[PDB]
Structure formats: structure tokens, C-alpha cells
$ cat my_file38.pdb   # PDB, C-alpha atoms and all ligand atoms
ATOM      1  CA  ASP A   1      -3.730 -11.755 -19.140  1.00  0.00           C
ATOM      2  CA  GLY A   2      -4.767 -10.425 -15.729  1.00  0.00           C
ATOM      3  CA  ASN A   3      -7.613 -11.216 -13.345  1.00  0.00           C
ATOM      4  CA  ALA A   4     -10.679  -9.104 -14.171  1.00  0.00           C
ATOM      5  CA  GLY A   5     -12.342 -10.365 -11.006  1.00  0.00           C
ATOM      6  CA  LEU A   6      -9.776  -8.306  -9.103  1.00  0.00           C
ATOM      7  CA  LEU A   7     -10.550  -4.602  -9.218  1.00  0.00           C
ATOM      8  CA  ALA A   8      -6.975  -3.465  -8.563  1.00  0.00           C
ATOM      9  CA  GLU A   9      -3.249  -4.085  -8.516  1.00  0.00           C
ATOM     10  CA  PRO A  10      -1.216  -4.636  -5.345  1.00  0.00           C
ATOM     11  CA  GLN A  11       0.212  -1.318  -4.115  1.00  0.00           C
ATOM     12  CA  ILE A  12       1.297   0.412  -0.950  1.00  0.00           C
ATOM     13  CA  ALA A  13       0.764   4.044   0.016  1.00  0.00           C
ATOM     14  CA  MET A  14       2.754   5.910   2.644  1.00  0.00           C
ATOM     15  CA  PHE A  15       2.435   9.158   4.546  1.00  0.00           C
ATOM     16  CA  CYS A  16       4.734   9.640   7.524  1.00  0.00           C
ATOM     17  CA  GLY A  17       2.923   9.769  10.853  1.00  0.00           C
ATOM     18  CA  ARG A  18       0.062   7.642   9.508  1.00  0.00           C
ATOM     19  CA  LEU A  19      -0.327   3.888   9.072  1.00  0.00           C
ATOM     20  CA  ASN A  20       0.720   2.478   5.711  1.00  0.00           C
ATOM     21  CA  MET A  21      -2.140   1.731   3.340  1.00  0.00           C
ATOM     22  CA  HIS A  22      -2.303  -1.091   0.828  1.00  0.00           C
ATOM     23  CA  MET A  23      -4.703  -1.880  -1.991  1.00  0.00           C
ATOM     24  CA  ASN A  24      -7.331  -4.503  -1.301  1.00  0.00           C
ATOM     25  CA  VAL A  25      -7.192  -6.292  -4.654  1.00  0.00           C
ATOM     26  CA  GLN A  26     -10.636  -7.807  -4.129  1.00  0.00           C
ATOM     27  CA  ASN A  27     -12.610  -4.610  -3.702  1.00  0.00           C
ATOM     28  CA  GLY A  28     -10.322  -1.823  -4.886  1.00  0.00           C
ATOM     29  CA  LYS A  29     -10.297  -0.041  -1.533  1.00  0.00           C
ATOM     30  CA  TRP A  30      -7.312   1.019   0.531  1.00  0.00           C
ATOM     31  CA  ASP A  31      -6.912  -1.050   3.697  1.00  0.00           C
ATOM     32  CA  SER A  32      -4.872  -0.019   6.727  1.00  0.00           C
ATOM     33  CA  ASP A  33      -1.668  -1.719   7.911  1.00  0.00           C
ATOM     34  CA  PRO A  34      -2.588  -5.317   8.905  1.00  0.00           C
ATOM     35  CA  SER A  35      -0.633  -5.134  12.165  1.00  0.00           C
ATOM     36  CA  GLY A  36      -1.920  -1.605  12.763  1.00  0.00           C
ATOM     37  CA  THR A  37       1.574  -0.352  13.622  1.00  0.00           C
ATOM     38  CA  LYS A  38       3.743   0.284  10.531  1.00  0.00           C
ATOM     39  CA  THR A  39       4.321   3.767   9.136  1.00  0.00           C
ATOM     40  CA  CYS A  40       6.411   5.153   6.259  1.00  0.00           C
ATOM     41  CA  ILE A  41       9.563   3.415   5.050  1.00  0.00           C
ATOM     42  CA  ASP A  42      12.550   5.245   3.592  1.00  0.00           C
ATOM     43  CA  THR A  43      14.404   2.553   1.618  1.00  0.00           C
ATOM     44  CA  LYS A  44      13.379   0.694  -1.521  1.00  0.00           C
ATOM     45  CA  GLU A  45      14.368  -2.588   0.139  1.00  0.00           C
ATOM     46  CA  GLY A  46      12.129  -1.759   3.095  1.00  0.00           C
ATOM     47  CA  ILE A  47       9.227  -1.081   0.741  1.00  0.00           C
ATOM     48  CA  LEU A  48       9.738  -4.417  -1.015  1.00  0.00           C
ATOM     49  CA  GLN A  49       9.740  -6.142   2.375  1.00  0.00           C
ATOM     50  CA  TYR A  50       6.498  -4.395   3.220  1.00  0.00           C
ATOM     51  CA  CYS A  51       4.885  -5.440  -0.073  1.00  0.00           C
ATOM     52  CA  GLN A  52       5.823  -9.007   0.781  1.00  0.00           C
ATOM     53  CA  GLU A  53       4.338  -8.652   4.266  1.00  0.00           C
ATOM     54  CA  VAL A  54       0.918  -7.401   3.162  1.00  0.00           C
ATOM     55  CA  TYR A  55       0.752  -9.603   0.060  1.00  0.00           C
ATOM     56  CA  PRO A  56       2.371 -12.770   1.494  1.00  0.00           C
ATOM     57  CA  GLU A  57       1.120 -15.133  -1.225  1.00  0.00           C
ATOM     58  CA  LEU A  58       1.664 -12.970  -4.325  1.00  0.00           C
ATOM     59  CA  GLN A  59       5.395 -13.638  -4.821  1.00  0.00           C
ATOM     60  CA  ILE A  60       6.270  -9.926  -4.940  1.00  0.00           C
ATOM     61  CA  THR A  61       9.842  -9.506  -6.223  1.00  0.00           C
ATOM     62  CA  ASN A  62      10.235  -5.786  -6.965  1.00  0.00           C
ATOM     63  CA  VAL A  63       8.573  -2.416  -6.430  1.00  0.00           C
ATOM     64  CA  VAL A  64       8.302   0.745  -8.490  1.00  0.00           C
ATOM     65  CA  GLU A  65       6.728   4.138  -7.964  1.00  0.00           C
ATOM     66  CA  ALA A  66       3.328   4.602  -9.611  1.00  0.00           C
ATOM     67  CA  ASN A  67       2.690   7.255 -12.262  1.00  0.00           C
ATOM     68  CA  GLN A  68      -0.457   8.813 -10.817  1.00  0.00           C
ATOM     69  CA  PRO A  69      -0.932  10.494  -7.439  1.00  0.00           C
ATOM     70  CA  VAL A  70      -3.860   9.165  -5.389  1.00  0.00           C
ATOM     71  CA  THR A  71      -6.127  10.714  -2.767  1.00  0.00           C
ATOM     72  CA  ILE A  72      -6.910   8.747   0.376  1.00  0.00           C
ATOM     73  CA  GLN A  73      -9.695   9.976   2.676  1.00  0.00           C
ATOM     74  CA  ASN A  74      -9.729   9.821   6.469  1.00  0.00           C
ATOM     75  CA  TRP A  75      -6.206   8.364   6.830  1.00  0.00           C
ATOM     76  CA  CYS A  76      -5.367   6.231   9.911  1.00  0.00           C
ATOM     77  CA  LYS A  77      -2.795   8.113  12.037  1.00  0.00           C
ATOM     78  CA  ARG A  78      -2.347   5.485  14.785  1.00  0.00           C
ATOM     79  CA  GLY A  79      -3.574   2.229  16.366  1.00  0.00           C
ATOM     80  CA  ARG A  80      -6.132   1.323  13.769  1.00  0.00           C
ATOM     81  CA  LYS A  81      -8.171   4.199  15.099  1.00  0.00           C
ATOM     82  CA  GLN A  82      -8.161   8.025  15.052  1.00  0.00           C
ATOM     83  CA  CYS A  83      -8.622   8.326  11.294  1.00  0.00           C
ATOM     84  CA  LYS A  84     -11.094  11.009  10.211  1.00  0.00           C
ATOM     85  CA  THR A  85      -9.590  14.047   8.524  1.00  0.00           C
ATOM     86  CA  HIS A  86      -9.035  15.998   5.305  1.00  0.00           C
ATOM     87  CA  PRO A  87      -7.813  14.259   2.161  1.00  0.00           C
ATOM     88  CA  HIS A  88      -4.136  13.562   1.515  1.00  0.00           C
ATOM     89  CA  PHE A  89      -2.557  12.523  -1.738  1.00  0.00           C
ATOM     90  CA  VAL A  90       0.541  10.439  -2.323  1.00  0.00           C
ATOM     91  CA  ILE A  91       2.241   8.549  -5.097  1.00  0.00           C
ATOM     92  CA  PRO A  92       1.875   4.827  -4.288  1.00  0.00           C
ATOM     93  CA  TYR A  93       4.424   2.073  -4.911  1.00  0.00           C
ATOM     94  CA  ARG A  94       3.345  -0.785  -7.130  1.00  0.00           C
ATOM     95  CA  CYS A  95       4.172  -4.219  -5.712  1.00  0.00           C
ATOM     96  CA  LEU A  96       5.440  -6.198  -8.700  1.00  0.00           C
ATOM     97  CA  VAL A  97       5.003  -9.957  -9.071  1.00  0.00           C
ATOM     98  CA  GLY A  98       7.975 -11.656 -10.670  1.00  0.00           C
ATOM     99  CA  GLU A  99       7.877 -14.498 -13.164  1.00  0.00           C
ATOM    100  CA  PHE A 100      10.246 -17.080 -11.707  1.00  0.00           C
ATOM    101  CA  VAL A 101      12.464 -18.933 -14.163  1.00  0.00           C
TER     102      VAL A 101
HETATM  103 CU    CU A 201      -3.108  16.602   6.461  1.00  0.00          CU
END

$ encode --input "my_file38.pdb" --output "C-alpha cells" --more "lines below"
Ligand SMILES: [Cu+2]
Amino acid sequence: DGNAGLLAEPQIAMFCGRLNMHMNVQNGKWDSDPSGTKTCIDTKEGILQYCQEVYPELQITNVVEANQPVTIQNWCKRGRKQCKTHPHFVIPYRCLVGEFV
């Protein structure tokens, strides 16, 4: 079973020119890049590394594209500032937790 007390699954969302977003599993909201500097990544390995960076304690071992597109409002385009605009939608990547054997 999963944790009902956590509104969402770990995921990252990218849109080149803007800061990467990730899902806050506690509240179900998209949070901006923790360092406030990282934008889109073009390799699967780079995405996995990023999942591991923003979810350091989740033991993320793989990533896969999500099935549904998602809209994110007022996306952060730099710093952790300058982020009030029209909606954009992207297909997120799910950060998958492996079961270690
Ligand atoms: Cu736009």
C-alpha cells in the first residue's frame, strides 16, 4: 500500500527557460527548483539524477514519463523570482522508488 497522508507522487516537470518544478508530496503543490538554478534536462540519466537531488531520501532508482499532461500556473523563469504568467502544460516525469533486493 501507499501513504494516504501524502497527497501526491514524486515527479518532476520541465519547461526550457524556466526552473524545474517538482511535486511537494506533502501538499500536492508544485515547488520550484530547490537551488533555484536548474532548468530542463535532455537525457533520461540527467532526469534520474535530478529526481535523486530533489527527493534525496526516497531512494529513487528510475524515471518514466507520466500519462497525463499537467498545467502549471505562474512558472518560475529565473532566480526563484519573476514567475507570474499564463499557464503552461507539460508531461511530467515520475520519479520511481525501487525495491532493493
Ligand atoms: Cu508561455

$ residues_near_ligand --input "my_file38.pdb" --ligand "ligand CU 201 (chain A)" --cutoff "7 Å" --atoms "only C-alpha atoms and all ligand atoms" --output "ChimeraX atom specification"
/A:86-88

$ atom_distance --input "my_file38.pdb" --atom1 "atom CA of residue 71 of chain A" --atom2 "atom CA of residue 90 of chain A"
6.7 Å

$ closest_residue --input "my_file38.pdb" --among "A:11, A:37, A:27, A:3" --to "residue 78 of chain A" --atoms "all atoms listed in the file"
A:37

$ closest_residue --input "my_file38.pdb" --among "A:83, A:7, A:95, A:60" --to "residue 25 of chain A" --atoms "all atoms listed in the file"
A:7

$ resolve_selection --input "my_file38.pdb" --expression "the PyMOL selection byres (((chain A and resi 89) around 12) and not hetatm)" --output "list in words"
residues 13, 14, 15, 21, 68, 69, 70, 71, 72, 73, 74, 75, 86, 87, 88, 90, 91 and 92 of chain A

$ closest_residue --input "my_file38.pdb" --among "A:46, A:58, A:66, A:76" --to "residue 31 of chain A" --atoms "all atoms listed in the file"
A:76

$ atom_distance --input "my_file38.pdb" --atom1 "atom CA of residue 77 of chain A" --atom2 "atom CA of residue 40 of chain A"
11.3 Å

$ closest_residue --input "my_file38.pdb" --among "A:5, A:17, A:10, A:36" --to "residue 79 of chain A" --atoms "only C-alpha atoms"
A:36

$ resolve_selection --input "my_file38.pdb" --expression "the PyMOL selection byres (((chain A and resi 64) around 10) and not hetatm)" --output "list in words"
residues 11, 44, 47, 48, 62, 63, 65, 66, 67, 92, 93, 94, 95 and 96 of chain A

$ residues_around --input "my_file38.pdb" --residues "residue 34 of chain A" --least-positions-apart "2" --cutoff "12 Å" --atoms "all atoms listed in the file" --output "number ranges by chain"
A: 19-24, 30-32, 36-39, 50-51, 53-56, 76, 79-80

$ write_last_selection --input "my_file38.pdb" --atoms "C-alpha atoms" --output "PDB file, keeping the file's coordinate frame"
ATOM      1  CA  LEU A  19      -0.327   3.888   9.072  1.00  0.00           C
ATOM      2  CA  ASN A  20       0.720   2.478   5.711  1.00  0.00           C
ATOM      3  CA  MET A  21      -2.140   1.731   3.340  1.00  0.00           C
ATOM      4  CA  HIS A  22      -2.303  -1.091   0.828  1.00  0.00           C
ATOM      5  CA  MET A  23      -4.703  -1.880  -1.991  1.00  0.00           C
ATOM      6  CA  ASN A  24      -7.331  -4.503  -1.301  1.00  0.00           C
ATOM      7  CA  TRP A  30      -7.312   1.019   0.531  1.00  0.00           C
ATOM      8  CA  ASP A  31      -6.912  -1.050   3.697  1.00  0.00           C
ATOM      9  CA  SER A  32      -4.872  -0.019   6.727  1.00  0.00           C
ATOM     10  CA  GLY A  36      -1.920  -1.605  12.763  1.00  0.00           C
ATOM     11  CA  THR A  37       1.574  -0.352  13.622  1.00  0.00           C
ATOM     12  CA  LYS A  38       3.743   0.284  10.531  1.00  0.00           C
ATOM     13  CA  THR A  39       4.321   3.767   9.136  1.00  0.00           C
ATOM     14  CA  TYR A  50       6.498  -4.395   3.220  1.00  0.00           C
ATOM     15  CA  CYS A  51       4.885  -5.440  -0.073  1.00  0.00           C
ATOM     16  CA  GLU A  53       4.338  -8.652   4.266  1.00  0.00           C
ATOM     17  CA  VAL A  54       0.918  -7.401   3.162  1.00  0.00           C
ATOM     18  CA  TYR A  55       0.752  -9.603   0.060  1.00  0.00           C
ATOM     19  CA  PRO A  56       2.371 -12.770   1.494  1.00  0.00           C
ATOM     20  CA  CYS A  76      -5.367   6.231   9.911  1.00  0.00           C
ATOM     21  CA  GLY A  79      -3.574   2.229  16.366  1.00  0.00           C
ATOM     22  CA  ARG A  80      -6.132   1.323  13.769  1.00  0.00           C
TER      23      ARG A  80
END

$ decode --input "my_file38.pdb" --residues "segment 9-58 of chain A" --atoms "N, CA and C atoms" --output "short mmCIF file (atom, residue, chain, number, x, y, z; two decimals), in the first residue's frame"
data_model
loop_
_atom_site.label_atom_id
_atom_site.label_comp_id
_atom_site.auth_asym_id
_atom_site.auth_seq_id
_atom_site.Cartn_x
_atom_site.Cartn_y
_atom_site.Cartn_z
N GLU A 9 2.51 11.84 -5.75
CA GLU A 9 3.69 11.04 -6.03
C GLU A 9 4.85 11.94 -6.45
N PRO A 10 6.09 11.50 -6.17
CA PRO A 10 7.24 12.31 -6.58
C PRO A 10 7.36 12.39 -8.10
N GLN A 11 7.59 13.59 -8.61
CA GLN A 11 7.54 13.87 -10.05
C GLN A 11 8.31 15.13 -10.34
N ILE A 12 8.88 15.23 -11.53
CA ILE A 12 9.50 16.48 -11.93
C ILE A 12 8.84 16.98 -13.21
N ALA A 13 8.79 18.30 -13.36
CA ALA A 13 8.22 18.91 -14.55
C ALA A 13 9.18 19.93 -15.13
N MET A 14 9.38 19.87 -16.44
CA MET A 14 10.37 20.71 -17.09
C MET A 14 9.79 21.55 -18.22
N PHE A 15 10.35 22.74 -18.38
CA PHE A 15 9.98 23.62 -19.47
C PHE A 15 11.16 24.54 -19.67
N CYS A 16 11.87 24.33 -20.78
CA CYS A 16 13.14 25.01 -21.03
C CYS A 16 13.04 26.52 -20.90
N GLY A 17 14.00 27.12 -20.20
CA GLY A 17 13.96 28.54 -19.93
C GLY A 17 13.41 28.86 -18.55
N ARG A 18 12.73 27.89 -17.95
CA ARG A 18 12.14 28.06 -16.62
C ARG A 18 12.78 27.10 -15.65
N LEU A 19 12.65 27.37 -14.35
CA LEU A 19 13.19 26.46 -13.35
C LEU A 19 12.38 25.18 -13.31
N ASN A 20 13.06 24.05 -13.10
CA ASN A 20 12.39 22.77 -12.96
C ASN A 20 11.44 22.81 -11.77
N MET A 21 10.28 22.17 -11.93
CA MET A 21 9.34 22.03 -10.83
C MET A 21 9.37 20.58 -10.35
N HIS A 22 9.04 20.39 -9.09
CA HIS A 22 8.86 19.05 -8.55
C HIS A 22 7.65 19.01 -7.63
N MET A 23 7.06 17.83 -7.49
CA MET A 23 5.86 17.71 -6.68
C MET A 23 6.18 17.67 -5.18
N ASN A 24 5.56 18.57 -4.43
CA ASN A 24 5.66 18.51 -2.99
C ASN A 24 4.72 17.40 -2.53
N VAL A 25 5.27 16.29 -2.06
CA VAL A 25 4.42 15.13 -1.77
C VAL A 25 3.53 15.36 -0.56
N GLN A 26 3.89 16.33 0.27
CA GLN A 26 3.11 16.64 1.46
C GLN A 26 1.82 17.34 1.10
N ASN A 27 1.90 18.33 0.22
CA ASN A 27 0.73 19.18 -0.01
C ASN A 27 0.16 19.12 -1.42
N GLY A 28 0.84 18.41 -2.32
CA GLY A 28 0.33 18.21 -3.66
C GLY A 28 0.53 19.40 -4.58
N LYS A 29 1.36 20.35 -4.16
CA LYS A 29 1.68 21.51 -4.97
C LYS A 29 3.03 21.38 -5.64
N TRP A 30 3.19 22.05 -6.77
CA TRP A 30 4.48 22.08 -7.44
C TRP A 30 5.39 23.12 -6.79
N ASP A 31 6.58 22.68 -6.39
CA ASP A 31 7.59 23.56 -5.81
C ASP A 31 8.70 23.80 -6.82
N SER A 32 9.31 24.98 -6.75
CA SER A 32 10.38 25.33 -7.67
C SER A 32 11.70 24.64 -7.29
N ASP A 33 12.63 24.62 -8.24
CA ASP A 33 13.95 24.03 -8.05
C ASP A 33 14.61 24.50 -6.75
N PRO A 34 14.94 23.55 -5.85
CA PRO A 34 15.48 23.86 -4.52
C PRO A 34 16.69 24.78 -4.54
N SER A 35 17.57 24.63 -5.53
CA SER A 35 18.72 25.52 -5.63
C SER A 35 18.36 26.81 -6.35
N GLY A 36 17.20 26.83 -7.00
CA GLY A 36 16.75 27.99 -7.75
C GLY A 36 17.57 28.27 -9.01
N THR A 37 18.15 27.24 -9.60
CA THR A 37 19.07 27.44 -10.73
C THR A 37 18.90 26.45 -11.89
N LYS A 38 18.30 25.28 -11.64
CA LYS A 38 18.31 24.21 -12.64
C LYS A 38 17.13 24.28 -13.61
N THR A 39 17.42 24.23 -14.91
CA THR A 39 16.35 24.19 -15.90
C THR A 39 16.32 22.83 -16.59
N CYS A 40 15.63 22.74 -17.72
CA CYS A 40 15.36 21.46 -18.37
C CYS A 40 16.58 20.60 -18.67
N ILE A 41 16.36 19.29 -18.65
CA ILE A 41 17.42 18.30 -18.81
C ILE A 41 17.06 17.41 -19.99
N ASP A 42 18.03 17.10 -20.84
CA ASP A 42 17.71 16.41 -22.09
C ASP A 42 18.11 14.94 -22.17
N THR A 43 18.57 14.36 -21.06
CA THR A 43 18.84 12.92 -21.04
C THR A 43 18.10 12.24 -19.91
N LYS A 44 17.70 10.99 -20.12
CA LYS A 44 16.99 10.24 -19.09
C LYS A 44 17.85 10.12 -17.83
N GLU A 45 19.15 9.90 -18.02
CA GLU A 45 20.06 9.78 -16.88
C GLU A 45 20.12 11.09 -16.09
N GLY A 46 20.07 12.22 -16.80
CA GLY A 46 20.08 13.51 -16.13
C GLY A 46 18.81 13.74 -15.32
N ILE A 47 17.69 13.24 -15.84
CA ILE A 47 16.41 13.35 -15.15
C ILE A 47 16.42 12.51 -13.87
N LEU A 48 16.94 11.29 -13.97
CA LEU A 48 17.06 10.43 -12.80
C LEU A 48 17.91 11.11 -11.73
N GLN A 49 19.02 11.71 -12.14
CA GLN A 49 19.90 12.41 -11.21
C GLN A 49 19.14 13.54 -10.54
N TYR A 50 18.31 14.22 -11.31
CA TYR A 50 17.55 15.33 -10.75
C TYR A 50 16.48 14.86 -9.77
N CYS A 51 15.83 13.74 -10.08
CA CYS A 51 14.88 13.14 -9.14
C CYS A 51 15.57 12.84 -7.81
N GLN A 52 16.78 12.31 -7.90
CA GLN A 52 17.53 11.97 -6.71
C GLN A 52 17.96 13.21 -5.93
N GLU A 53 18.19 14.31 -6.64
CA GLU A 53 18.57 15.55 -5.98
C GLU A 53 17.42 16.16 -5.17
N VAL A 54 16.23 16.19 -5.76
CA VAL A 54 15.10 16.85 -5.10
C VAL A 54 14.33 15.92 -4.17
N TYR A 55 14.53 14.62 -4.31
CA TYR A 55 13.99 13.65 -3.36
C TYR A 55 15.11 12.78 -2.80
N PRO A 56 16.04 13.40 -2.05
CA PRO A 56 17.29 12.75 -1.62
C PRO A 56 17.09 11.53 -0.72
N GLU A 57 15.96 11.43 -0.04
CA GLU A 57 15.77 10.32 0.90
C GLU A 57 14.78 9.26 0.41
N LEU A 58 14.31 9.38 -0.83
CA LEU A 58 13.28 8.47 -1.34
C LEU A 58 13.80 7.22 -2.05
#
